[PDB]
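To start, the structure under review is shown below, and the notes come after it.
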Amino acid sequence: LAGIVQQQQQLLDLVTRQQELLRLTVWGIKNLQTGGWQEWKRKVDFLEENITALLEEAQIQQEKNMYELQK
Amino acid sequence: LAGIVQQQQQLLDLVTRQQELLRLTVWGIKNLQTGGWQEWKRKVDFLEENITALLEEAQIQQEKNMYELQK
Amino acid sequence: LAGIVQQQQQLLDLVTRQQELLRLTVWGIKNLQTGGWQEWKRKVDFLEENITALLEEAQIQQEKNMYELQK
């Protein structure tokens with residue numbers, strides 16, 4: 001199971017890095033933009049906040065899984 | 001294994017949410033755009049369709065894993 | 001554990017496909033862009049390189065996990 005848990009850490013790191021890149025693409029689009037943009041912004045803001053929260057929760061679950069593994 | 005299966009659900013939720021954000025960034029780029037854009041669109045369309053299909057398959061696999069766990 | 005390992009492959013495939021889509025959105029933004037863009041580019045380049053490396057590492061870990069499973 002150590003390999004499976006390690007793979008989950010690698011996937012978590014990948015999703016975290018992809019979120020960093022997504023944040024940059026959103027910044028880029030907002031910078032180029034300055035219709036339906038008002039609502040676009042509201043949705044993007046919700047997703048960014050929600051994903052950030054989910055990453056934190058996934059990190060906590062990773063730690064619990066590692067704890068149960070190490071114990 | 002319950003924690004590992006739960007972590008897979010959290011990663012699936014993260015990728016799903018990131019796809020929602022990606023769909024919005026693609027919408028934003030298309031809106032700003034209106035060269036090599038014709039082919040860019042074809043590739044983006046393929047990826048969006050393929051990822052959507054993969055998310056469905058991952059959800060089904062998650063359910064099967066949860067079933068085997070619960071049983 | 002076969003189902004869990006298979007689910008990790010599905011998540012890896014999802015993240016890989018999302019990276020392909022992210023690469024396209026970055027290309028699109030760069031094409032539309034032509035301030036803080038110089039640094040934006042430096043950060044995006046770092047993330048693209050780092051994520052590519054992480055995908056390779058995740059693929060290797062997937063293979064090791066599958067090996068231990070098959071053996």
Side-chain angles (χ1 to χ4, degrees), chain B residues 1-16 18-37 39-40 42-48 50-62 64-70, chain C residues 1-16 18-37 39-40 42-48 50-62 64-70:
Chain B
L1 297 191
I4 288 171
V5 170
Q6 174 58 204
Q7 179 70 316
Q8 295 192 299
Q9 175 65 53
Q10 288 170 186
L11 293 167
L12 179 53
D13 277 323
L14 276 157
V15 174
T16 300
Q18 284 179 322
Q19 187 57 24
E20 292 181 58
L21 185 46
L22 273 172
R23 291 163 176 154
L24 290 167
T25 61
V26 168
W27 179 93
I29 289 168
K30 283 179 176 174
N31 180 291
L32 294 173
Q33 191 278 325
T34 59
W37 286 99
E39 291 307 313
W40 179 88
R42 291 191 179 76
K43 302 173 192 185
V44 168
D45 287 354
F46 167 71
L47 289 172
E48 278 176 338
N50 174 270
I51 292 167
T52 296
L54 279 173
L55 287 168
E56 294 180 50
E57 297 174 50
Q59 288 174 64
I60 294 170
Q61 186 61 231
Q62 182 62 27
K64 289 181 184 178
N65 290 171
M66 183 60 63
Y67 159 75
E68 197 174 1
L69 178 67
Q70 291 309 303
Chain C
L1 297 191
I4 288 171
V5 170
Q6 174 58 204
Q7 179 70 316
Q8 295 192 299
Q9 175 65 53
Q10 288 170 186
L11 293 167
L12 179 53
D13 277 323
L14 276 157
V15 174
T16 300
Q18 284 179 322
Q19 187 57 24
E20 292 181 58
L21 185 46
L22 273 172
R23 291 163 176 154
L24 290 167
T25 61
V26 168
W27 179 93
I29 289 168
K30 283 179 176 174
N31 180 291
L32 294 173
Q33 191 278 325
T34 59
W37 286 99
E39 291 307 313
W40 179 88
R42 291 191 179 76
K43 302 173 192 185
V44 168
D45 287 354
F46 167 71
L47 289 172
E48 278 176 338
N50 174 270
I51 292 167
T52 296
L54 279 173
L55 287 168
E56 294 180 50
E57 297 174 50
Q59 288 174 64
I60 294 170
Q61 186 61 231
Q62 182 62 27
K64 289 181 184 178
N65 290 171
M66 183 60 63
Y67 159 75
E68 197 174 1
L69 178 67
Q70 291 309 303

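All chains are named by letter (A, B, ...) in the order of the sequence lines, taking the proteins before the strands, and each is independently numbered beginning at 1. Because only heavy atoms are used, hydrogens play no part in the values below, and waters and symmetry mates are left out as well, while side chains stay in.
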> Which atoms form the tightest heavy-atom contact between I4(B) and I4(C), and what is the distance?
Replying inline: CG2-CG2, 3.9 Å
>> Measuring only between side-chain heavy atoms, which start at C-beta, is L32(C) closer than 4.5 Å to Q33(B)?
In response: yes
> Which distance, rounded to the nearest 0.5 Å, do you find between the CD1 of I29(B) and the CG of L24(C)?
Replying inline: 9.0 Å
> Which distance, rounded to the nearest 0.5 Å, do you find between the CG of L55(B) and the CG of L14(C)?
Replying inline: 5.0 Å
>> Tell me the closest heavy-atom pair linking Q19(B) and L21(C), and the distance in Å.
In response: NE2-CD2, 3.9 Å
> Does any donor atom in the side chain of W37(B) or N31(C) lie under 3.5 Å from an acceptor atom in the other side chain?
Replying inline: yes
> Is the shortest heavy-atom distance from the side chain of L1(C) to the side chain of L1(B) under 4.5 Å?
Replying inline: yes
> Within the distance-only criterion (no hydrogens, no angle test), does the side chain of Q8(B) pair as donor or acceptor with the backbone N or O of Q7(C) below 3.5 angstrom?
Replying inline: no
